[PDB]
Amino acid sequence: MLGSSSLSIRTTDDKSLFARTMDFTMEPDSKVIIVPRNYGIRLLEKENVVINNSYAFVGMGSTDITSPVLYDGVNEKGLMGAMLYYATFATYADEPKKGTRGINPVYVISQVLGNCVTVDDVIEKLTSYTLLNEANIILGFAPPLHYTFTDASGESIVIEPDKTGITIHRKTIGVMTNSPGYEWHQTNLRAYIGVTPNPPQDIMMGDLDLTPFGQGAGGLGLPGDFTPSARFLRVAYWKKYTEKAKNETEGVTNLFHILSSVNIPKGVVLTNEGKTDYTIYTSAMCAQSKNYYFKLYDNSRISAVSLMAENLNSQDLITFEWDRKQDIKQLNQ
């Protein structure tokens, strides 16, 4: 993680859908992972309390540490979530608060999707934990994160482990990127309400008529760079004005169009260390269907994993590997 943008939408088909880009410097080993009922999830890597998950879920994540680490995903009850980067804001304890279990920041999604249904259930879950400053071994250190969840009803919350403790925002707009805090970007929105689909009227200066070059002038002032605040604005504004999806397939299509204003080609963002920071995959999930969808930097063809198609009582993780090959369809040889 060194970036992601995320949003949810609601179709006129009464379906809730959630999507996120994931931006990074090289693709570690990641796949679509289905975690079955009762598989059990660690709280901490350095202690063996395993929490038993009532619910099966499907998500993108990693199988490299003790328990599956999910980056986003949706569960068998329609709860959807993601963990996103929160640099220079995320604050974690050394010690669990009186009467909470310690939890590794990288296990939050996995634990939440494994046992929650509603955003309230999540709020209640989280305040029984303390996010702890424990390293991990796929990345080396404790990554600064925040979290977004959307339940089948389409309510979104954002959970943010700030300096002063866990900040929680109820019924958000359904947009989240990276730092700063949710209330900062929400406030930022008010600066940009003049950003619309509609052209400004022509004007005159003295004798001179002034008309726009073509279309899109309504959007003047929207920023084009790939910072988190600019990313937030674009995803929010394009989410407000892009037409309602009529069904789940359109929902995925629209989700990836909105996200495309924030998709990063290899080379256009370099980190301090000269590492190239780019959009590795783009994912979408639907609460009602429990389908999970993803396309990759190298393959814009969308793939799909249906959670309910599997044996939710399986002994073992079920996984699907990435196909990083552009899946071009040949219309003649």
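For every residue, the number given is its place in the sequence shown, counted from 1.
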| Higher-B stretch (mean Cα B-factor, as the entry records it), 312-320 or 15-23 | 312-320
| Out of 170-178 and 221-229, which one has CA B-factors that are higher on average in the deposited record? | 170-178
| Which listed residue, 197, 200, 194, 140, has the largest C-alpha temperature factor in the record? | 140
| Quick one: which of 253, 215, 188, 133 has the biggest Cα B-factor according to the entry? | 133
| CA B-factor ranking of residue 258, expressed as a third of its chain | lowest
| task | Would you please rank residue 28 by its C-alpha temperature factor against the other modelled residues of its chain and give the third it falls in: lowest, middle or highest? | result | highest
| query | Within this chain, which third does the Cα B-factor at residue 76 fall in: lowest, middle or highest? | reply | middle
| message | Going by the CA temperature factor in the PDB record, which third of the chain does residue 160 belong to: lowest, middle or highest? | response | middle
| request: Taking the chain's C-alpha temperature factors as the reference, tell me which third residue 265 falls into: lowest, middle or highest. | output: lowest
